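Sequence positions in the sequence shown follow PDB author numbering and run 4 to 304. The structure appears right after this line, and notes come after that.
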Amino acid sequence: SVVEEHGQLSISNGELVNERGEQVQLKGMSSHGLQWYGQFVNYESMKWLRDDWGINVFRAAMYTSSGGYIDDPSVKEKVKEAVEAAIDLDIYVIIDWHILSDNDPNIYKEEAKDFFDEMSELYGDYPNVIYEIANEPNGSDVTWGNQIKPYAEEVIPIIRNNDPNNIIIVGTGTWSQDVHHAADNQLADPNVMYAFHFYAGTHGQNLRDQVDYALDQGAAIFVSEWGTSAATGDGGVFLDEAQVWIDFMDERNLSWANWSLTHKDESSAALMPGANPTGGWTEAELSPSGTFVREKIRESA
Ligand SMILES: CO[C@H]1O[C@H](CO)[C@@H](S[C@@H]2O[C@H](CO)[C@@H](S[C@@H]3O[C@H](CO)[C@@H](S[C@@H]4O[C@H](CO)[C@@H](S[C@@H]5O[C@H](CO)[C@@H](O)[C@H](O)[C@H]5O)[C@H](O)[C@H]4O)[C@H](O)[C@H]3O)[C@H](O)[C@H]2O)[C@H](O)[C@H]1O
Ligand SMILES: [Ca+2]
Ligand SMILES: [Ca+2]
Ligand SMILES: [Ca+2]
Ligand SMILES: [Ca+2]
Ligand SMILES: [Ca+2]
Ligand SMILES: [Ca+2]
Ligand SMILES: [Ca+2]
Ligand SMILES: [Ca+2]
Ligand SMILES: [Ca+2]
Ligand SMILES: [Ca+2]
Ligand code: NA
Ligand code: NA
């Protein structure tokens, strides 16, 4: 039903629209790292998220480093599993080249180009797919002009050779916070969005204002990862401020994916330790974060 309704997504004047030029707002879940918590990423869990939560997008977080694709590329099969499930379930899917410790996207540029060539050849004809080419550039000397924009200008043509139209999400500096710098020096490709990531327990009004500056320059923004906890993971969840961010995103119709669908014992995790990997969760199997996020997606489903 989701993709049947919306079809091919595109960017129109800085925001995400469907095949009729209607606003569309994607809300869903990110996996945790696929090399760690892949058991939660399967057709049955994603069908449960679609049917019980109301998700219309699922994000497959394929770490590069940290034991991910660079060391054990078999994890790409878990990405394929997620994409094929999303196609079968008629929802959107984000293929995320999940850089983090490898903080400069140029570390694994050759590998990223090969990976995105393969993924876009396989899936580029499906409107379901969204590419996220570098999760979180970070560090004081990884900047838009020197490192990130040129990386994107090399990877995007690789995708476009196979998939001229699907959305590409491009990370920004300072853990995908520096959307203002990207907005002042935008990519030419018309169907790109810039990532903005936050933690409710850490980030506040000054970053909302930074996002608004970017939006004011005509840049499209996808909140492709956010957490209900603090970035430190201390002090529980911060749902008061999370609701402030939910409202902010709704008022700007910003799409989002929440971090993350795992049973790890950390406050951002959506599930309690032991939760069934194939879905069908009881209310006792959702964490406080998961309970809140589920309600946020349900109430617009
Ligand atoms: C003034 O404010 C501004 O400057 C501030 C100072 O620099 C920063 S604070 C800064 O914020 C950033 C952005 O939020 C974060 S990075 C952030 O951290 C998250 C929490 O760690 C992670 S998700 C997290 O990823 C972990 C690493 O992979 C894993 S632990 C990992 O788990 C596996 C599996 O179990 C295990 O095998 C491994 O052994 C473990 O290492 C964890 O489970 C995940 O939840 C997110 O990806 C990242 O964005 C900085 O930490 C923080 O200091 C302000 O942000 C800025 O505005
Ligand atoms: Ca357009
Ligand atoms: Ca807008
Ligand atoms: Ca390798
Ligand atoms: Ca492995
Ligand atoms: Ca090729
Ligand atoms: Ca396409
Ligand atoms: Ca080059
Ligand atoms: Ca404007
Ligand atoms: Ca509301
Ligand atoms: Ca909306
Ligand atoms: Na290897
Ligand atoms: Na505008």
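Here a beta-carbon is modelled for each residue, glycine too, at the ideal position from N, C-alpha and C.
CA-CA distance, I249 to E7, rounds to 26 Å.
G221 has its Cβ nearer than 7 Å to a heavy atom of ligand 13.
Of all C-beta pairs linking the segment 237–245 to the segment 208–219, fewer than three are shorter than 8 Å, placing the two stretches out of contact. One Cα belongs to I171, the other to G70, and the distance between them is close to 25 Å. Residue selection by CB proximity (closer than 7 Å to any heavy atom of ligand 5) returns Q38, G70, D75, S77, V78 in chain order. Fully contained in the segment 78–116 are the following beta strand (DSSP E) runs of length 3 or more, in chain order: 95–101. Taking 7 Å as the cut-off, one finds at least one heavy atom of ligand 1 near enough to the beta carbon of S271.
CA-to-CA, the gap between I161 and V132 works out to about 15 Å. Relative to the non-hydrogen atoms of ligand 6, the Cβ of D166 never comes closer than 7 Å to any of them. For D93, the Cβ stays outside the 7 Å cut-off from all heavy atoms of ligand 6. The beta-carbon separation of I300 and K30, rounded to 5 Å, stays under the 8 Å limit for a contact. Setting aside the 5 residues that flank it on each side, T67 is surrounded in the same chain by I73, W100, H101, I102, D105, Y111, each with a C-beta closer than 7 Å to its C-beta; the list follows chain order. The segment 103–189 contains, as complete beta strand (DSSP E) runs of 3+ residues, the segments 132–135, 171–173 (chain order). When the Cα atoms are used, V27 and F201 turn out to be separated by approximately 21 Å. With the criterion CB distance below 6 Å from any heavy atom of ligand 11, the matching residues run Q28, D253, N256 along the chain.
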